[PDB]
Every structure is written in C-alpha cells, then in structure tokens.
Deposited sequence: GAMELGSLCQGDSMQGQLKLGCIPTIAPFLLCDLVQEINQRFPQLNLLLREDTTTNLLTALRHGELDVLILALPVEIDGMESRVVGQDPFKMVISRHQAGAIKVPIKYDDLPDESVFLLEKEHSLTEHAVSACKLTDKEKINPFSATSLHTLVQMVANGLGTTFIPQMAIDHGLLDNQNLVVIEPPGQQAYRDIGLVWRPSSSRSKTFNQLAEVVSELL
C-alpha cells in the first residue's frame, strides 16, 4: 500500500487574434518544458469580449496589445512588438521606398475593422493621419488582409511577431519600415486585482517577456 500524499494546475488565458496564432505557439513550447504541470486552456477573442470574460471570471488572465481601456484591471507590459509595412513584390515599383504616406495613392492602405486593436495601434504608432489613403473596404482577419496585399491591392501594417512566424511565406511580399520613428505596440498581461493567482501571473509575465 502507500501513504496518502503556483505554476501547477489549470489556467484560462485569453488572447487577441493578432497575437494568439504567433506568440502562443512559443509560449506553449516554453511552458511544456519549464512548467510541465501547467495546463493552459486558451480563448481567442476581440479585446472587448476578452475583457468582459475576464471581469466575469470566465478567464484568469489575458495577453493583450496595449494601450486599450482596462480600468479596474491590473496589467503588466512585457515587451514591444514592432510594426512593419508590407507590399507585394509586383507592386514594389508603383510604391516608393522609403514610404511617404502623401505619395501613396488614395485608398491604398488596407486596415482591419475597429473591433481589432491592430488598426488603432498601427495608425497611431506609425503616424498615419491622412484618412484619404485608407481603403474603404475593411479587412476582417490579418490573414485575409495580407492576402489582399499579396494580390497587389495596396499596403498595410503587420506586427513583427507575425513575420517571425511565417505569415508572409510563399506570398511574394516585401517588408518595409513604416515612415518616421521606429513604431511598435506594447504587449501586456491583464488580470483581476482580486485574483489569488498573481504569483502565477507574474511568473507567466517573465516567460512571455523572454519571447519578445
């Protein structure tokens, strides 16, 4: 017979669509080795939907792009994810590099719709103030946005983590720097101040910081 005997157990983690396909692959491989008893249940959803689930205790922690409105939650920024622009190789002549927005054709910049934090962050960080350059047809996923650019329709902003995870493979695209300063989005972890798992969240934040 036999005697009866913080990174252990289960965590529900939410993440936005322009981070989840890229960073979480790396996170899972790292936790598999470093914290092998941590089971990560995952939810992918829009920022607003994730925040409601977090408030309601249906998720334990989120990985978001910041800043977004998160009053009342606790957050920790863990790294920065640069922005690049992309154009098709076939269009690399009709678009001059360095990019100057005023020299692009009207309606040549394609962006995700507003439920997506990528648009507010890229437009502000990359200083796109001329609304006439934005195409009126809004994209609904980062993959289909990049495919429209690959079809030669114009240009857009892409996060570095997507490039590093092969999003552009086999689509014959060229990666360019956005005009002006080096531009980026902050990545952070967000959780409830009342949570009893903040030791877990801070260890997780250290792990994620090493992947960015």
Legend entry - Deposited positions without coordinates, collected into consecutive stretches in sequence order: 6 to 12
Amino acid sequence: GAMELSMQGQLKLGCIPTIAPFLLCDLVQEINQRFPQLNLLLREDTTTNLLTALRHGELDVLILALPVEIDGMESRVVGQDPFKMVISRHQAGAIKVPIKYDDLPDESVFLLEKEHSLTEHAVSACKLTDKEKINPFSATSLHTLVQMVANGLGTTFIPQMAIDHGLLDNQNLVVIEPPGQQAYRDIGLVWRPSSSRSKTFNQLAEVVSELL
From here on, numbers count along this sequence of modelled residues.
Legend entry - Stretch exceeding the other in mean C-alpha B-factor - 75 to 83, 104 to 112: 104 to 112
Inset, instruction - Would you determine, from the values in the PDB entry, which of 46 to 54 and 182 to 190 has the greater average C-alpha temperature factor? - result: 182 to 190
Legend entry - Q33 - Cα temperature factor, lowest/middle/highest third of chain: highest
Inset, instruction - Tell me, lowest, middle or highest third: where does the Cα B factor of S141 rank within its chain? - result: lowest
Inset, instruction - Would you check the entry's CA temperature factor for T18 and let me know if it's in the chain's lowest, middle or highest third? - result: lowest
Inset, instruction - Consider only the C-alpha atoms of the modelled residues in this chain, order them by B-factor as the entry records it, and name the third containing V208: lowest, middle or highest. - result: lowest
Inset, instruction - Using the B-factors in the PDB entry, rank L66's C-alpha atom against the chain and give the third, lowest, middle or highest. - result: middle
